[PDB]
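The lines below spell out each chain.
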Amino acid sequence: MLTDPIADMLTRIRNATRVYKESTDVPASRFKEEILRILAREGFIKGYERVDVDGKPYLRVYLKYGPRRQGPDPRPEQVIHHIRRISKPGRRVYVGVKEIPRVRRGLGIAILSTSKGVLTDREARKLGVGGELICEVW
Amino acid sequence: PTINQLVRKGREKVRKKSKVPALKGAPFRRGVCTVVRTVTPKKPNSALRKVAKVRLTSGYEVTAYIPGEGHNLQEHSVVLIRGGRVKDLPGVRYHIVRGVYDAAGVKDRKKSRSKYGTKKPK
Amino acid sequence: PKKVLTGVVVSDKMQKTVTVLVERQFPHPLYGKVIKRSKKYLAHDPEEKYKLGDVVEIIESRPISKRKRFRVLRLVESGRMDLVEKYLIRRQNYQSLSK
Amino acid sequence: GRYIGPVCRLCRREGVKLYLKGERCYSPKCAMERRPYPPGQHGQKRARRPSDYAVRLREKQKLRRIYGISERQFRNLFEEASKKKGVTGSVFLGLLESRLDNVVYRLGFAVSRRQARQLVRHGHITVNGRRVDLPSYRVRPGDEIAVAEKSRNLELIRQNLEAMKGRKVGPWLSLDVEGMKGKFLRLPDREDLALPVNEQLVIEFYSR
Amino acid sequence: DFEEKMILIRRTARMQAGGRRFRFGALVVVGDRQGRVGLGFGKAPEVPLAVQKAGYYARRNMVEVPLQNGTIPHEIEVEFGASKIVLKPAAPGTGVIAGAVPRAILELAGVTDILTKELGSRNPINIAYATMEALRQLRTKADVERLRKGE
RNA sequence: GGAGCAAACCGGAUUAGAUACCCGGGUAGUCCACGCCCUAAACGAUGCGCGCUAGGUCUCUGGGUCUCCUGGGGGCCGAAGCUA
RNA sequence: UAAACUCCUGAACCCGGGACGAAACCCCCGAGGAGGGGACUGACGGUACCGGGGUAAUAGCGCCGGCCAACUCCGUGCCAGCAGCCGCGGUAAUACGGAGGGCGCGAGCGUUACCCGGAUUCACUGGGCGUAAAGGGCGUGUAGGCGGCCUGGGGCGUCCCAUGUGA
Ligand SMILES: [Zn+2]
């Protein structure tokens, strides 16, 4: 039945990266867009686009990686180090502005859900509005 | 377990129990002896010890190690239990207190006198 | 202000009284989860108008009896036998617990 | 109270010149000068690789002796620092340097800091015109530290102030030997101090 | 020409009819105290000749650390399978608070102010290695906005 | 209901002893109906449902003009990763 | 440098001075009001404090094998005894007991008791369950828990500002 559409995506992504795939699809969502639209605005991916699969709405996620490395295992450093889900479907989590978390000391983003809209972290204290913490990314 | 299991069943609390039934959780309990007797110690070691059973205020009765060289505890001599286990001796989780009551201090000792109720010489 | 809760009647088997059940979801004070809890109140229905299945708004009122400290304010929507079951279904379960 | 018992036998233990000795430690013997090794029946014997606790401990004890202060007081003035915002390393020493007995030594009023103590604890020393014989008094910025009128002509001070003539002392202290008056310009930074101590170990040892 | 401090020199014993011959474990650290660090682990029947090998393996395996005004560039947790390590940035005058083991690592890193702890297992040899994979994964801001650029 | 097998049970040998191993015999049982029993190394010692993450090869099975792809099921080998 | 020895300082004590805390009720003018005025009252206490004079003037306690820092001699010989854990003692003990010395701390130092900590060892932050303790013997299913893509209203949760309370 697919329990949490939102964590599946971050996993589609996560997994898609460890094998260094140029692209990976994830079923459409006017919300899921509000997530990717951010991960790209913050350069974790080259962006995306809505594609057509067997007559079904999907979202291709074009991945990004560092350069090939020097020495043992030319594995390129991951552009998406971390992408864990914080607010889960079994355990919802909502934060007030006066306590929004800071992902890995400033270098990390905490994409969350608020009334004003779907926003990052600094962009959440910009508009000084809290909401449901979707997930942390670095 | 799922957080929902936690809402329901919830995390279980330890609840520790005392290795010293001294009553009132009291740091010391007066008691008179009933019999002072030497007892040999446990597995890895051997040496006829000096111990005694002490009937307590609370109608109790316990065995407590008498530490130090030589003692003057007979039968009806009262003493102060200090509570403390001796590994050498199975089933003795109490110490007689020296320099207190009918249990005098130590004869001639100079090092660590406080740990044995021994007055500083002149 | 006089406290008010939305709820659902689940017994008009009493003379001019009713058994109003109201759920109250709230964030657990340790595990975040929004856990619903429920309480039963008894409302003073002088006109014997409020029947079973009724969803009502009750108001903190001057005591009417031992456990009647609330009067029903106004109806919400009649036919609601669906929810009423949920409660009476849990009832039958207690039987299959003892021994 | 103070360490009373021999104090130039720590001079050795540390291996760091502790001028808790007046004219002595300068002269051809802070004792240490003659015997640069640890006290005891051993001491002069192949040293043993100190443990982390050790090095930290030892660096931590080295400090307390120099200021000849109670460990109660010492620690309780450390916490005081930890609380206030700022770097705890330097700030710690600042409080220390605001000791009335210290300001005395550091200004030069008394030859040793062991003497800077008694001379205060004998009412010899006043602040802002008013007598203060409590060795702990926390010197605030601006306070004029000086001697009384009952000491203006006393053998000792007149042989220290004699030996205080112009010779600069303390980048945060104005000293007027002519009238025997001294002032505490400001709290001291770090660079103004240079005790043979690592303030970055002490902070560590106090985590156990 | 750098700096040296060994964390431990154990006495591993093996079996062979009649008796039991031994080698040794030598874990060491090297670091100029300004951004370069090197842990090493060598072995040899000789106790000195051990740390002397460990020292060479040291200068070999190296790692620049993105020191930030004397501290870490950002906190990190790193699981070396068996043992867990936690590193945090700290304001000035905080000190090196850590197990004695990861301490050496950081005190040789040039680190001066840090917050850390060791979760789960606490085997020296592994903790060490973790701490090493820890630093080899620190990311200063530039190193970040460079990747997330790729222009 | 009872041919075969077979705890227990007796006998032969073995053994210092042999209530055991081995052998000859042997009853409940093993089988049927009906009821009760509800245990287990009830073991993949791996709860279930769903999405994701290279392939190679053997087999069972269903569809497709088929030295090949496409579903399902049983094995082995191994990408990444996981693991004490 | 510890000691004696030299010099200076002068806790203790002595004499002298000596409070803050205490201005209102009271009273006159005014009017018994406002306001102005005038008068008494201190247990602590002859205390704090100040001035003078002024004598070198108690040190104690725990430990010293590892954790955990501080080692040697001597006695004892699985005895006497130490012990919080691992353990030490059966002629060579830095672990028993004196001493030398030393580490810590100081009018305290130890000990016992109990509390949190370490214990990330009940785990929300933060653990797990193929063999280490741990998958229910296996199914069906009640309550519960969780739930796909889209447009809209409501706005409970959620978020936010103001405000009352949070003595
Ligand atoms: Zn000296």
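Definitions and limits used
- Residues numbered from 1 in each chain as written, not as in the entry; some residues may be left out.
- Chains lettered and ligands numbered in written order.
- Part of a larger assembly, values for the part shown.
- Heavy atoms only, no water.
- Near = heavy atom within 4 Å.
- Polar contact = N/O pair within 3.5 Å; in protein donor to acceptor, adjacent residues only side chain to side chain.
- Helix = DSSP H or I, 4+ residues; strand = E, 2+ residues; numbered from the N terminus.
- Contact = heavy atoms within 4.5 Å.
- Buried area = accessible area lost by both parts, 1.4 Å probe.
- Salt bridge = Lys/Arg side-chain N within 4 Å of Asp/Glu carboxyl O.
- Nonpolar A, V, L, I, M, F, W, Y, C, P; charged D, E, K, R; others polar.

Per the deposited record, X-ray crystallography is how this structure was determined, to a resolution of 3.8 Å.

What follows concerns the protein's contact with RNA strand G. Around RNA strand G there are 94 residues in total, and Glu12, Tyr65, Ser112 and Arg113 of chain B together with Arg122 of chain E lie nearest to it. When atoms of RNA strand G within 4 Å of the protein are split into backbone and base, the sugar-phosphate part holds 78%. At 2.9 Å, a side-chain N or O of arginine 85 of chain B approaches a phosphate oxygen of RNA strand G. A distance of 2.8 Å is found between a phosphate oxygen of RNA strand G and a side-chain nitrogen or oxygen belonging to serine 51 of chain D. For the surface near RNA strand G, the secondary structure elements donating two or more residues are β5 (94–95) of chain A, α1 (3–8) of chain B, α1 (81–95) of chain C, α1 (10–14), α3 (52–66) and α4 (71–83) of chain D together with β8 (114–120) of chain E.

As a further point, take the interface of chain A and chain E. The interface of chain A with chain E comprises 11 residues on the first partner and 13 residues on the second. Considering only the side of chain A, the residues that lose the most area to chain E are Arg104, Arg105 and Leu107 of chain A, jointly responsible for 52% of the buried surface there. There are 1 salt bridge connecting chain A and chain E. When the shortest N-O distance is used, the salt bridge between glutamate 77 of chain A and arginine 139 of chain E registers 2.7 Å. Where chain A touches chain E, the interface holds 4 residue pairs in polar contact. Tallied by class, the residues present in the side of chain A that touches chain E amount to 4 nonpolar, 2 polar and 5 charged.

Once that is clear, we can look at the arrangement of the chains. Taken together, the 5 pairs of chains in contact show their highest number of contacts between chains A and E. Without any contact between them, chain C and chain D keep their closest C-alpha atoms 30 Å apart.

Time to look at the protein's contact with RNA strand F. In the vicinity of RNA strand F, 13 residues are found, and the nearest of them are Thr3, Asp8, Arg12 and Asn15 of chain A together with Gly81 of chain E. The contact atoms of RNA strand F, taken as those within 4 Å of the protein, divide so that sugar and phosphate hold 86%. Here a phosphate oxygen of RNA strand F and a side-chain polar atom of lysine 21 of chain A are 3.4 Å apart. Between RNA strand F and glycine 81 of chain E there is a distance of 2.7 Å, counted from a phosphate oxygen to a backbone nitrogen or oxygen.

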